[PDB]
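Student: So I've got this file, my_file03.pdb, and it contains PDB, C-alpha atoms and all ligand atoms:
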ATOM      1  CA  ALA A   1     138.376  10.655 127.356
ATOM      2  CA  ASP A   2     135.903   9.236 129.874
ATOM      3  CA  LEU A   3     136.233   6.419 132.393
ATOM      4  CA  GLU A   4     134.873   3.841 129.966
ATOM      5  CA  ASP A   5     137.609   4.946 127.582
ATOM      6  CA  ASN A   6     140.289   5.151 130.279
ATOM      7  CA  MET A   7     139.825   1.577 131.426
ATOM      8  CA  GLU A   8     139.716   0.411 127.846
ATOM      9  CA  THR A   9     143.061   2.072 127.202
ATOM     10  CA  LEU A  10     144.444   0.344 130.283
ATOM     11  CA  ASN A  11     143.190  -3.124 129.480
ATOM     12  CA  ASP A  12     144.435  -2.959 125.903
ATOM     13  CA  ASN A  13     147.929  -1.857 126.856
ATOM     14  CA  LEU A  14     148.395  -4.479 129.547
ATOM     15  CA  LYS A  15     147.643  -6.933 126.727
ATOM     16  CA  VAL A  16     150.317  -5.367 124.539
ATOM     17  CA  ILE A  17     152.859  -5.709 127.308
ATOM     18  CA  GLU A  18     152.068  -9.402 127.338
ATOM     19  CA  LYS A  19     152.593  -9.867 123.596
ATOM     20  CA  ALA A  20     155.589  -7.496 123.687
ATOM     21  CA  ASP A  21     159.011  -8.731 122.555
ATOM     22  CA  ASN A  22     161.207  -5.611 122.696
ATOM     23  CA  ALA A  23     161.601  -2.987 125.407
ATOM     24  CA  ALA A  24     160.222  -0.013 123.523
ATOM     25  CA  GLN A  25     156.773  -1.555 122.909
ATOM     26  CA  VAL A  26     156.525  -2.148 126.614
ATOM     27  CA  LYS A  27     157.453   1.489 127.327
ATOM     28  CA  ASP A  28     155.023   3.173 124.955
ATOM     29  CA  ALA A  29     152.308   0.942 126.388
ATOM     30  CA  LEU A  30     153.032   2.048 129.950
ATOM     31  CA  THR A  31     153.453   5.710 128.968
ATOM     32  CA  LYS A  32     149.868   5.333 127.832
ATOM     33  CA  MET A  33     148.641   3.479 130.909
ATOM     34  CA  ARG A  34     150.127   6.178 133.112
ATOM     35  CA  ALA A  35     148.232   8.854 131.238
ATOM     36  CA  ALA A  36     144.974   6.918 131.363
ATOM     37  CA  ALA A  37     145.231   6.160 135.080
ATOM     38  CA  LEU A  38     145.680   9.782 136.103
ATOM     39  CA  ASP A  39     142.787  10.804 133.909
ATOM     40  CA  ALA A  40     140.547   8.042 135.330
ATOM     41  CA  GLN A  41     141.408   9.411 138.763
ATOM     42  CA  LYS A  42     140.115  12.888 137.857
ATOM     43  CA  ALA A  43     136.746  11.181 137.337
ATOM     44  CA  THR A  44     133.823  10.108 139.468
ATOM     45  CA  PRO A  45     132.718   6.453 139.075
ATOM     46  CA  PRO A  46     128.985   5.671 138.780
ATOM     47  CA  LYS A  47     128.984   3.923 142.182
ATOM     48  CA  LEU A  48     130.233   7.163 143.767
ATOM     49  CA  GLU A  49     128.141   9.756 141.885
ATOM     50  CA  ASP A  50     126.430  10.800 145.112
ATOM     51  CA  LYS A  51     129.376  10.251 147.463
ATOM     52  CA  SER A  52     130.760  13.536 148.759
ATOM     53  CA  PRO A  53     133.999  15.009 147.231
ATOM     54  CA  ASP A  54     135.932  13.917 150.326
ATOM     55  CA  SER A  55     133.913  10.841 151.214
ATOM     56  CA  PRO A  56     136.217   8.169 152.657
ATOM     57  CA  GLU A  57     135.441   6.359 149.418
ATOM     58  CA  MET A  58     136.564   9.309 147.283
ATOM     59  CA  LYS A  59     139.829   9.129 149.203
ATOM     60  CA  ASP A  60     140.129   5.377 148.823
ATOM     61  CA  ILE A  61     139.574   5.207 145.067
ATOM     62  CA  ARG A  62     141.877   8.243 144.833
ATOM     63  CA  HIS A  63     144.709   6.496 146.641
ATOM     64  CA  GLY A  64     144.089   3.367 144.647
ATOM     65  CA  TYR A  65     145.115   5.114 141.465
ATOM     66  CA  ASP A  66     148.194   6.551 143.158
ATOM     67  CA  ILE A  67     149.175   2.945 143.785
ATOM     68  CA  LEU A  68     148.532   2.025 140.172
ATOM     69  CA  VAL A  69     150.581   4.882 138.763
ATOM     70  CA  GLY A  70     153.178   4.006 141.326
ATOM     71  CA  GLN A  71     153.369   0.444 140.026
ATOM     72  CA  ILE A  72     153.417   1.665 136.453
ATOM     73  CA  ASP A  73     156.433   3.847 137.117
ATOM     74  CA  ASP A  74     158.057   0.804 138.706
ATOM     75  CA  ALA A  75     157.776  -1.096 135.440
ATOM     76  CA  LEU A  76     158.395   2.043 133.471
ATOM     77  CA  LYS A  77     161.676   2.602 135.278
ATOM     78  CA  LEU A  78     162.620  -0.947 134.161
ATOM     79  CA  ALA A  79     161.421  -0.863 130.530
ATOM     80  CA  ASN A  80     163.667   2.197 130.298
ATOM     81  CA  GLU A  81     166.770   0.264 131.349
ATOM     82  CA  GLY A  82     165.760  -2.046 128.510
ATOM     83  CA  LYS A  83     164.714  -4.790 130.924
ATOM     84  CA  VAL A  84     161.670  -6.311 129.230
ATOM     85  CA  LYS A  85     160.901  -9.485 131.170
ATOM     86  CA  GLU A  86     161.352  -7.642 134.461
ATOM     87  CA  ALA A  87     158.961  -4.888 133.463
ATOM     88  CA  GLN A  88     156.437  -7.345 132.009
ATOM     89  CA  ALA A  89     156.583  -9.094 135.357
ATOM     90  CA  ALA A  90     156.344  -5.878 137.354
ATOM     91  CA  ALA A  91     153.423  -5.022 135.106
ATOM     92  CA  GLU A  92     151.473  -8.067 136.274
ATOM     93  CA  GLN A  93     151.321  -6.757 139.820
ATOM     94  CA  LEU A  94     148.875  -4.297 138.286
ATOM     95  CA  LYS A  95     146.170  -6.932 137.939
ATOM     96  CA  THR A  96     146.199  -7.139 141.745
ATOM     97  CA  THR A  97     145.261  -3.486 142.180
ATOM     98  CA  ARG A  98     142.676  -3.854 139.411
ATOM     99  CA  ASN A  99     141.017  -6.765 141.211
ATOM    100  CA  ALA A 100     141.271  -5.197 144.680
ATOM    101  CA  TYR A 101     139.730  -1.902 143.586
ATOM    102  CA  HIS A 102     137.344  -3.255 140.980
ATOM    103  CA  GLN A 103     135.936  -5.521 143.675
ATOM    104  CA  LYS A 104     135.178  -2.360 145.648
ATOM    105  CA  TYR A 105     134.098  -0.017 142.860
ATOM    106  CA  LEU A 106     133.196  -1.744 139.580
TER
ATOM    107  CA  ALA B   1     158.589  20.030 160.560
ATOM    108  CA  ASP B   2     161.511  18.586 158.590
ATOM    109  CA  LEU B   3     162.133  15.054 157.302
ATOM    110  CA  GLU B   4     164.064  14.524 160.538
ATOM    111  CA  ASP B   5     160.998  15.263 162.682
ATOM    112  CA  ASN B   6     158.416  13.471 160.543
ATOM    113  CA  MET B   7     160.436  10.229 160.832
ATOM    114  CA  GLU B   8     160.998  10.896 164.516
ATOM    115  CA  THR B   9     157.242  11.057 164.766
ATOM    116  CA  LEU B  10     156.936   7.718 162.926
ATOM    117  CA  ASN B  11     159.572   5.794 164.865
ATOM    118  CA  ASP B  12     158.256   7.249 168.114
ATOM    119  CA  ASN B  13     154.582   6.499 167.496
ATOM    120  CA  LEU B  14     155.110   3.144 165.814
ATOM    121  CA  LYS B  15     156.613   1.758 169.009
ATOM    122  CA  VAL B  16     153.720   3.275 170.998
ATOM    123  CA  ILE B  17     151.376   1.011 169.067
ATOM    124  CA  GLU B  18     153.378  -2.066 169.999
ATOM    125  CA  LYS B  19     153.256  -1.482 173.765
ATOM    126  CA  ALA B  20     149.664  -0.223 173.745
ATOM    127  CA  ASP B  21     146.930  -2.493 175.079
ATOM    128  CA  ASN B  22     143.778  -0.828 173.775
ATOM    129  CA  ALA B  23     142.422   0.410 170.435
ATOM    130  CA  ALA B  24     142.339   4.080 171.454
ATOM    131  CA  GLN B  25     146.115   4.390 171.927
ATOM    132  CA  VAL B  26     146.623   2.696 168.540
ATOM    133  CA  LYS B  27     144.263   4.942 166.639
ATOM    134  CA  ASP B  28     145.789   8.115 168.065
ATOM    135  CA  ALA B  29     149.269   6.910 167.242
ATOM    136  CA  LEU B  30     148.302   5.893 163.688
ATOM    137  CA  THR B  31     146.593   9.213 163.179
ATOM    138  CA  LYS B  32     149.739  11.075 164.132
ATOM    139  CA  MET B  33     151.720   8.716 161.915
ATOM    140  CA  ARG B  34     149.486   9.207 158.894
ATOM    141  CA  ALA B  35     150.253  12.938 159.116
ATOM    142  CA  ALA B  36     154.011  12.566 159.348
ATOM    143  CA  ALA B  37     153.944  10.355 156.254
ATOM    144  CA  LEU B  38     152.032  12.743 153.988
ATOM    145  CA  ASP B  39     154.546  15.313 155.225
ATOM    146  CA  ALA B  40     157.735  13.309 154.548
ATOM    147  CA  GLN B  41     156.279  12.538 151.138
ATOM    148  CA  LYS B  42     156.239  16.243 150.283
ATOM    149  CA  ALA B  43     159.944  16.775 151.034
ATOM    150  CA  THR B  44     163.060  15.886 149.031
ATOM    151  CA  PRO B  45     165.469  13.581 150.869
ATOM    152  CA  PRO B  46     169.119  14.688 150.939
ATOM    153  CA  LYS B  47     170.184  11.641 148.954
ATOM    154  CA  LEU B  48     167.889  12.943 146.211
ATOM    155  CA  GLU B  49     168.232  16.749 146.322
ATOM    156  CA  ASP B  50     170.011  17.282 142.988
ATOM    157  CA  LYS B  51     167.389  15.028 141.390
ATOM    158  CA  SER B  52     164.421  15.850 139.169
ATOM    159  CA  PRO B  53     160.847  15.577 140.477
ATOM    160  CA  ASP B  54     160.312  13.405 137.389
ATOM    161  CA  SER B  55     163.285  11.242 138.208
ATOM    162  CA  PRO B  56     162.671   7.497 138.474
ATOM    163  CA  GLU B  57     163.707   7.916 142.105
ATOM    164  CA  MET B  58     161.259  10.628 143.167
ATOM    165  CA  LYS B  59     158.585   8.349 141.712
ATOM    166  CA  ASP B  60     159.674   5.373 143.823
ATOM    167  CA  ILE B  61     160.060   7.645 146.860
ATOM    168  CA  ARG B  62     156.622   9.070 146.091
ATOM    169  CA  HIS B  63     155.187   5.535 145.894
ATOM    170  CA  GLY B  64     156.740   4.187 149.071
ATOM    171  CA  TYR B  65     154.828   6.771 151.051
ATOM    172  CA  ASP B  66     151.658   5.812 149.198
ATOM    173  CA  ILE B  67     152.243   2.226 150.273
ATOM    174  CA  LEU B  68     152.901   3.309 153.842
ATOM    175  CA  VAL B  69     149.892   5.607 153.978
ATOM    176  CA  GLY B  70     147.708   2.802 152.710
ATOM    177  CA  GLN B  71     149.113   0.549 155.429
ATOM    178  CA  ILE B  72     148.495   3.168 158.128
ATOM    179  CA  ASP B  73     144.964   3.458 156.755
ATOM    180  CA  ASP B  74     144.404  -0.311 156.849
ATOM    181  CA  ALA B  75     145.557  -0.477 160.443
ATOM    182  CA  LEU B  76     143.651   2.679 161.308
ATOM    183  CA  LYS B  77     140.411   1.131 160.068
ATOM    184  CA  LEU B  78     140.982  -2.044 162.096
ATOM    185  CA  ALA B  79     141.488   0.078 165.218
ATOM    186  CA  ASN B  80     138.248   1.933 164.498
ATOM    187  CA  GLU B  81     136.715  -1.545 164.606
ATOM    188  CA  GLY B  82     138.349  -2.311 167.953
ATOM    189  CA  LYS B  83     140.702  -5.020 166.645
ATOM    190  CA  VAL B  84     143.609  -3.840 168.829
ATOM    191  CA  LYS B  85     145.560  -6.956 167.930
ATOM    192  CA  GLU B  86     144.756  -7.109 164.215
ATOM    193  CA  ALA B  87     145.573  -3.423 164.176
ATOM    194  CA  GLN B  88     148.946  -3.727 165.880
ATOM    195  CA  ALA B  89     149.676  -6.749 163.666
ATOM    196  CA  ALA B  90     149.020  -4.638 160.587
ATOM    197  CA  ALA B  91     151.221  -1.872 161.972
ATOM    198  CA  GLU B  92     154.070  -4.394 161.962
ATOM    199  CA  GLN B  93     153.817  -4.460 158.195
ATOM    200  CA  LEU B  94     155.013  -0.855 158.182
ATOM    201  CA  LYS B  95     158.547  -1.805 159.179
ATOM    202  CA  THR B  96     158.805  -4.020 156.119
ATOM    203  CA  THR B  97     158.059  -0.931 154.032
ATOM    204  CA  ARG B  98     160.621   1.114 155.938
ATOM    205  CA  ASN B  99     163.545  -1.280 155.820
ATOM    206  CA  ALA B 100     162.921  -1.430 152.059
ATOM    207  CA  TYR B 101     162.897   2.251 151.161
ATOM    208  CA  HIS B 102     165.479   3.151 153.815
ATOM    209  CA  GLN B 103     167.874   0.793 152.059
ATOM    210  CA  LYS B 104     167.470   2.772 148.903
ATOM    211  CA  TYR B 105     167.271   6.300 150.313
ATOM    212  CA  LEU B 106     168.471   6.471 153.923
TER
HETATM  213  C1  LIG A 201     145.619  -1.425 134.675
HETATM  214  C2  LIG A 201     144.657  -2.310 135.462
HETATM  215  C3  LIG A 201     143.168  -2.157 135.079
HETATM  216  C4  LIG A 201     142.553  -2.724 133.981
HETATM  217  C5  LIG A 201     143.186  -3.623 132.890
HETATM  218  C6  LIG A 201     141.164  -2.298 134.074
HETATM  219  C7  LIG A 201     140.174  -2.662 133.172
HETATM  220  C8  LIG A 201     138.850  -2.295 133.223
HETATM  221  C9  LIG A 201     137.829  -2.706 132.254
HETATM  222  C10 LIG A 201     138.014  -3.596 131.028
HETATM  223  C11 LIG A 201     136.670  -2.150 132.649
HETATM  224  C12 LIG A 201     135.288  -2.284 131.976
HETATM  225  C13 LIG A 201     134.830  -1.018 131.252
HETATM  226  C14 LIG A 201     133.441  -1.158 130.597
HETATM  227  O1  LIG A 201     132.806  -2.235 130.689
HETATM  228  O2  LIG A 201     132.980  -0.169 129.982
HETATM  229  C15 LIG A 201     136.985  -1.392 133.859
HETATM  230  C16 LIG A 201     136.071  -0.664 134.583
HETATM  231  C17 LIG A 201     136.320   0.071 135.737
HETATM  232  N1  LIG A 201     137.552   0.162 136.332
HETATM  233 FE1  LIG A 201     139.232  -0.682 135.724
HETATM  234  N2  LIG A 201     140.917  -1.491 135.176
HETATM  235  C18 LIG A 201     142.155  -1.407 135.790
HETATM  236  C19 LIG A 201     142.387  -0.704 136.934
HETATM  237  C20 LIG A 201     141.463   0.015 137.638
HETATM  238  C21 LIG A 201     141.785   0.737 138.849
HETATM  239  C22 LIG A 201     143.186   0.782 139.477
HETATM  240  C23 LIG A 201     140.621   1.310 139.252
HETATM  241  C24 LIG A 201     140.333   2.082 140.553
HETATM  242  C25 LIG A 201     141.446   2.805 141.308
HETATM  243  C26 LIG A 201     139.611   0.930 138.266
HETATM  244  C27 LIG A 201     138.289   1.320 138.321
HETATM  245  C28 LIG A 201     137.323   0.965 137.422
HETATM  246  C29 LIG A 201     135.930   1.394 137.521
HETATM  247  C30 LIG A 201     135.318   2.290 138.605
HETATM  248  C31 LIG A 201     135.307   0.823 136.451
HETATM  249  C32 LIG A 201     133.814   0.934 136.047
HETATM  250  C33 LIG A 201     133.465   2.064 135.073
HETATM  251  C34 LIG A 201     131.982   2.207 134.771
HETATM  252  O3  LIG A 201     131.140   1.969 135.669
HETATM  253  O4  LIG A 201     131.638   2.567 133.633
HETATM  254  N3  LIG A 201     140.138   0.129 137.284
HETATM  255  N4  LIG A 201     138.314  -1.495 134.201
HETATM  256  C1  LIG A 202     156.540   4.343 159.440
HETATM  257  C2  LIG A 202     157.821   3.539 159.226
HETATM  258  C3  LIG A 202     159.100   4.380 159.332
HETATM  259  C4  LIG A 202     159.790   4.633 160.497
HETATM  260  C5  LIG A 202     159.457   4.150 161.932
HETATM  261  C6  LIG A 202     160.909   5.453 160.091
HETATM  262  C7  LIG A 202     161.875   5.933 160.962
HETATM  263  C8  LIG A 202     162.949   6.706 160.627
HETATM  264  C9  LIG A 202     163.953   7.188 161.570
HETATM  265  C10 LIG A 202     164.010   6.936 163.076
HETATM  266  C11 LIG A 202     164.841   7.904 160.855
HETATM  267  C12 LIG A 202     166.111   8.629 161.349
HETATM  268  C13 LIG A 202     165.928  10.144 161.454
HETATM  269  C14 LIG A 202     167.197  10.887 161.919
HETATM  270  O1  LIG A 202     168.250  10.256 162.164
HETATM  271  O2  LIG A 202     167.136  12.129 162.035
HETATM  272  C15 LIG A 202     164.372   7.861 159.478
HETATM  273  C16 LIG A 202     165.008   8.478 158.428
HETATM  274  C17 LIG A 202     164.623   8.474 157.107
HETATM  275  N1  LIG A 202     163.515   7.824 156.648
HETATM  276 FE1  LIG A 202     162.224   6.772 157.719
HETATM  277  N2  LIG A 202     160.926   5.716 158.724
HETATM  278  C18 LIG A 202     159.810   5.049 158.258
HETATM  279  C19 LIG A 202     159.431   5.026 156.935
HETATM  280  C20 LIG A 202     160.086   5.648 155.889
HETATM  281  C21 LIG A 202     159.646   5.581 154.502
HETATM  282  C22 LIG A 202     158.415   4.826 153.969
HETATM  283  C23 LIG A 202     160.529   6.288 153.801
HETATM  284  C24 LIG A 202     160.579   6.316 152.277
HETATM  285  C25 LIG A 202     160.742   7.627 151.562
HETATM  286  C26 LIG A 202     161.515   6.811 154.756
HETATM  287  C27 LIG A 202     162.596   7.604 154.425
HETATM  288  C28 LIG A 202     163.530   8.081 155.299
HETATM  289  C29 LIG A 202     164.671   8.913 154.899
HETATM  290  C30 LIG A 202     165.021   9.402 153.485
HETATM  291  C31 LIG A 202     165.350   9.151 156.047
HETATM  292  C32 LIG A 202     166.646   9.972 156.210
HETATM  293  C33 LIG A 202     166.515  11.376 156.775
HETATM  294  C34 LIG A 202     167.842  12.067 156.920
HETATM  295  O3  LIG A 202     168.697  11.597 157.696
HETATM  296  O4  LIG A 202     168.047  13.098 156.254
HETATM  297  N3  LIG A 202     161.233   6.397 156.039
HETATM  298  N4  LIG A 202     163.225   7.129 159.349
HETATM  299 MG    MG A 203     142.030   6.888 127.305
HETATM  300 MG    MG A 204     161.188  -6.178 170.891
HETATM  301 MG    MG A 205     143.926   0.124 151.328
END
Can you dump the structure from the file as structure tokens?
Ligand code: HEM
Ligand code: HEM
Ligand SMILES: [Mg+2]
Ligand SMILES: [Mg+2]
Ligand SMILES: [Mg+2]
Tutor:
Amino acid sequence: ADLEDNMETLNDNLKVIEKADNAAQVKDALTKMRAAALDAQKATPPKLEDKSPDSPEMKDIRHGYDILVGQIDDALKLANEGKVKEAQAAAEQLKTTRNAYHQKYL
Amino acid sequence: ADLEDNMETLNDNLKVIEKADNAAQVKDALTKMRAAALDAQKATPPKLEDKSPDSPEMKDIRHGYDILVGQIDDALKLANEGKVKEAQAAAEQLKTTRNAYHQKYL
């Protein structure tokens, strides 16, 4: 899957976690967002096509995703304990990384 | 070095930044710090030895460092812009991150 597909998989699943009632739904959604994130990371965004492999940017965007996966595990750890609400909440913090990094790379 | 040294390097250098009066000292300290972090991140803390690298824990431990590294980077950039005060101020935010993950794994 490509970046356009990765982001799409992310957006959709964060939606699902909103409409989610039971724990499981929330888990399968994150499992998916964690896969997508890592993949997205292995990619090179159109605004960085020229940027060098180790450009400070390439390191920034890189780290960004590590923060996203980090926050996904946070909510994943919770969905696992069966704690919906808490995960759903912890899942919102993700919009903050989205905005912070989109602002810089979208 | 071992997790005992890396942290030594962090506690040592962090304080250096507080007593420093010019950007230069700050940047050098932060640079050393950034290293130590990436290093501590690669080791397994005693309290987590018998754990699995896929364990919820290792993920949270993994993340903490990512948070810290990002913070060292945000203060490092300010120092490269000569904001000795804004830089030190940012550095302060590191403690918050330490007290938090030390509670869980120290
Ligand atoms: C889970 C939170 C996130 C959501 C819901 C999300 C959602 C989206 C959506 C809907 C798009 C538009 C895709 C299109 O129009 O084809 C997009 C694009 C993009 N996102 Fe995210 N995103 C998230 C997190 C991130 C993060 C953390 C990064 C960077 C570390 C990132 C980097 C990008 C980039 C570079 C694009 C533009 C792709 C292109 O130019 O085709 N996104 N994202
Ligand atoms: C840059 C802010 C930090 C400072 C100044 C700091 C400082 C220290 C100091 C002085 C020690 C005691 C070492 C010893 O007694 O030998 C220590 C231990 C430790 N720190 Fe940090 N630390 C920081 C951040 C972190 C973070 C983010 C983590 C999260 C993984 C962490 C995890 C640990 C652990 C697990 C130990 C115990 C080592 C042991 O006794 O085996 N520290 N830290
Ligand atoms: Mg996908
Ligand atoms: Mg004092
Ligand atoms: Mg940053």
Student: What does chain B look like once superposed on chain A, all Cα atoms paired in sequence order, least squares? Give it as an mmCIF file with C-alpha atoms, keeping the file's coordinate frame.
Tutor:
data_model
loop_
_atom_site.group_PDB
_atom_site.id
_atom_site.type_symbol
_atom_site.label_atom_id
_atom_site.label_comp_id
_atom_site.auth_asym_id
_atom_site.auth_seq_id
_atom_site.Cartn_x
_atom_site.Cartn_y
_atom_site.Cartn_z
ATOM 1 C CA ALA B 1 137.823 10.622 127.285
ATOM 2 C CA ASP B 2 135.461 9.064 129.834
ATOM 3 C CA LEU B 3 136.095 6.448 132.531
ATOM 4 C CA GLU B 4 134.951 3.912 129.935
ATOM 5 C CA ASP B 5 137.739 4.880 127.520
ATOM 6 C CA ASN B 6 140.516 5.330 130.076
ATOM 7 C CA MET B 7 139.963 1.742 131.299
ATOM 8 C CA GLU B 8 139.663 0.557 127.717
ATOM 9 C CA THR B 9 143.063 2.104 127.222
ATOM 10 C CA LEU B 10 144.399 0.246 130.287
ATOM 11 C CA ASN B 11 142.984 -3.186 129.492
ATOM 12 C CA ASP B 12 144.039 -2.790 125.867
ATOM 13 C CA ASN B 13 147.605 -1.667 126.549
ATOM 14 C CA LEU B 14 148.206 -3.940 129.522
ATOM 15 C CA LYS B 15 147.778 -6.986 127.303
ATOM 16 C CA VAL B 16 150.088 -5.388 124.707
ATOM 17 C CA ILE B 17 152.857 -5.506 127.288
ATOM 18 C CA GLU B 18 152.338 -9.214 127.859
ATOM 19 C CA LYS B 19 152.706 -10.224 124.201
ATOM 20 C CA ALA B 20 155.496 -7.734 123.493
ATOM 21 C CA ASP B 21 159.042 -9.033 123.106
ATOM 22 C CA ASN B 22 161.109 -5.864 123.410
ATOM 23 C CA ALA B 23 161.441 -2.939 125.830
ATOM 24 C CA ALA B 24 160.228 -0.317 123.347
ATOM 25 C CA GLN B 25 156.720 -1.782 122.989
ATOM 26 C CA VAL B 26 156.478 -1.991 126.796
ATOM 27 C CA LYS B 27 157.521 1.577 127.435
ATOM 28 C CA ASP B 28 155.082 2.976 124.880
ATOM 29 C CA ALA B 29 152.265 0.919 126.321
ATOM 30 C CA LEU B 30 153.087 1.929 129.913
ATOM 31 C CA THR B 31 153.298 5.545 128.872
ATOM 32 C CA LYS B 32 149.827 5.409 127.388
ATOM 33 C CA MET B 33 148.647 3.583 130.499
ATOM 34 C CA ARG B 34 150.110 6.121 132.902
ATOM 35 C CA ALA B 35 147.995 8.775 131.158
ATOM 36 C CA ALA B 36 144.736 6.857 131.306
ATOM 37 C CA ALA B 37 145.257 6.338 135.038
ATOM 38 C CA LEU B 38 145.789 9.990 135.970
ATOM 39 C CA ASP B 39 142.657 10.573 133.895
ATOM 40 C CA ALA B 40 140.434 7.921 135.527
ATOM 41 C CA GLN B 41 141.625 9.271 138.859
ATOM 42 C CA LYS B 42 140.119 12.669 138.056
ATOM 43 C CA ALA B 43 136.626 11.300 137.349
ATOM 44 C CA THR B 44 133.868 10.132 139.703
ATOM 45 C CA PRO B 45 132.795 6.521 139.149
ATOM 46 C CA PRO B 46 129.043 5.924 138.810
ATOM 47 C CA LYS B 47 128.995 3.810 141.954
ATOM 48 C CA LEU B 48 130.236 6.924 143.758
ATOM 49 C CA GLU B 49 128.465 9.855 142.060
ATOM 50 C CA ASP B 50 126.207 10.934 144.942
ATOM 51 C CA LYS B 51 129.269 10.801 147.204
ATOM 52 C CA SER B 52 131.377 13.580 148.704
ATOM 53 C CA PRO B 53 134.914 14.266 147.447
ATOM 54 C CA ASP B 54 135.848 13.966 151.132
ATOM 55 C CA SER B 55 134.074 10.660 151.469
ATOM 56 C CA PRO B 56 136.118 7.734 152.786
ATOM 57 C CA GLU B 57 135.475 6.175 149.381
ATOM 58 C CA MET B 58 136.797 8.950 147.139
ATOM 59 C CA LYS B 59 139.934 8.759 149.280
ATOM 60 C CA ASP B 60 140.361 5.021 148.694
ATOM 61 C CA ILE B 61 139.518 5.485 145.005
ATOM 62 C CA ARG B 62 142.008 8.354 144.911
ATOM 63 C CA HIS B 63 144.661 6.121 146.514
ATOM 64 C CA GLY B 64 144.171 3.093 144.298
ATOM 65 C CA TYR B 65 145.171 5.172 141.309
ATOM 66 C CA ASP B 66 148.199 6.424 143.222
ATOM 67 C CA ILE B 67 149.190 2.814 143.805
ATOM 68 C CA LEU B 68 148.627 1.977 140.154
ATOM 69 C CA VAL B 69 150.503 5.018 138.895
ATOM 70 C CA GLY B 70 153.421 4.122 141.116
ATOM 71 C CA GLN B 71 153.357 0.600 139.690
ATOM 72 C CA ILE B 72 153.254 1.891 136.106
ATOM 73 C CA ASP B 73 156.190 4.116 137.035
ATOM 74 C CA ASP B 74 158.172 1.219 138.521
ATOM 75 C CA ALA B 75 157.643 -0.851 135.405
ATOM 76 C CA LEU B 76 158.273 2.149 133.181
ATOM 77 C CA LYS B 77 161.672 2.698 134.787
ATOM 78 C CA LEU B 78 162.639 -0.960 134.332
ATOM 79 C CA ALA B 79 161.755 -0.703 130.637
ATOM 80 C CA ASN B 80 163.904 2.419 130.327
ATOM 81 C CA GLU B 81 166.663 0.147 131.625
ATOM 82 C CA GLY B 82 165.896 -2.507 129.012
ATOM 83 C CA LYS B 83 164.628 -5.141 131.470
ATOM 84 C CA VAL B 84 161.796 -6.241 129.150
ATOM 85 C CA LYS B 85 161.105 -9.213 131.389
ATOM 86 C CA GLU B 86 161.423 -7.496 134.769
ATOM 87 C CA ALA B 87 159.246 -4.793 133.283
ATOM 88 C CA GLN B 88 156.501 -7.101 132.051
ATOM 89 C CA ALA B 89 156.721 -8.965 135.374
ATOM 90 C CA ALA B 90 156.109 -5.715 137.226
ATOM 91 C CA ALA B 91 153.206 -4.905 134.917
ATOM 92 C CA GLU B 92 151.579 -8.117 136.149
ATOM 93 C CA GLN B 93 151.353 -6.530 139.568
ATOM 94 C CA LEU B 94 148.865 -4.057 138.112
ATOM 95 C CA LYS B 95 146.133 -6.670 137.803
ATOM 96 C CA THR B 96 146.362 -7.337 141.523
ATOM 97 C CA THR B 97 145.581 -3.655 142.058
ATOM 98 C CA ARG B 98 142.695 -3.795 139.603
ATOM 99 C CA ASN B 99 140.935 -6.888 140.882
ATOM 100 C CA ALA B 100 141.082 -5.222 144.312
ATOM 101 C CA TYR B 101 139.565 -1.833 143.559
ATOM 102 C CA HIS B 102 137.198 -3.223 140.916
ATOM 103 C CA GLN B 103 135.699 -5.404 143.631
ATOM 104 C CA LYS B 104 134.898 -2.332 145.622
ATOM 105 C CA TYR B 105 133.896 0.061 142.839
ATOM 106 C CA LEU B 106 133.195 -1.759 139.568
#
Student: I'd like the residues picked by the PyMOL selection byres (((not hetatm)) within 6 of (chain A and resi 202)) written out as a PDB file with C-alpha atoms, in the frame of the given file, using the chain letters and numbers from the file.
Tutor:
ATOM      1  CA  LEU B   3     162.133  15.054 157.302  1.00  0.00           C
ATOM      2  CA  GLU B   4     164.064  14.524 160.538  1.00  0.00           C
ATOM      3  CA  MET B   7     160.436  10.229 160.832  1.00  0.00           C
ATOM      4  CA  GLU B   8     160.998  10.896 164.516  1.00  0.00           C
ATOM      5  CA  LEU B  10     156.936   7.718 162.926  1.00  0.00           C
ATOM      6  CA  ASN B  11     159.572   5.794 164.865  1.00  0.00           C
ATOM      7  CA  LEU B  14     155.110   3.144 165.814  1.00  0.00           C
ATOM      8  CA  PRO B  45     165.469  13.581 150.869  1.00  0.00           C
ATOM      9  CA  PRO B  46     169.119  14.688 150.939  1.00  0.00           C
ATOM     10  CA  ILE B  61     160.060   7.645 146.860  1.00  0.00           C
ATOM     11  CA  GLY B  64     156.740   4.187 149.071  1.00  0.00           C
ATOM     12  CA  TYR B  65     154.828   6.771 151.051  1.00  0.00           C
ATOM     13  CA  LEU B  68     152.901   3.309 153.842  1.00  0.00           C
ATOM     14  CA  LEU B  94     155.013  -0.855 158.182  1.00  0.00           C
ATOM     15  CA  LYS B  95     158.547  -1.805 159.179  1.00  0.00           C
ATOM     16  CA  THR B  97     158.059  -0.931 154.032  1.00  0.00           C
ATOM     17  CA  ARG B  98     160.621   1.114 155.938  1.00  0.00           C
ATOM     18  CA  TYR B 101     162.897   2.251 151.161  1.00  0.00           C
ATOM     19  CA  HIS B 102     165.479   3.151 153.815  1.00  0.00           C
ATOM     20  CA  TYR B 105     167.271   6.300 150.313  1.00  0.00           C
ATOM     21  CA  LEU B 106     168.471   6.471 153.923  1.00  0.00           C
TER      22      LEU B 106
END
Student: For the file shown, report as a list in words the outcome of the PyMOL selection byres ((chain B) within 9 of (chain A and not hetatm)) at residue level.
Tutor: residues 56, 57, 59, 60, 62, 63, 64, 66, 67 and 70 of chain B
Student: What does the distance from atom CA of residue 48 of chain B to atom CA of residue 9 of chain B come to in Å, to one decimal?
Tutor: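 Spanning atom CA of residue 48 of chain B to atom CA of residue 9 of chain B is a straight-line distance of 21.5 Å.
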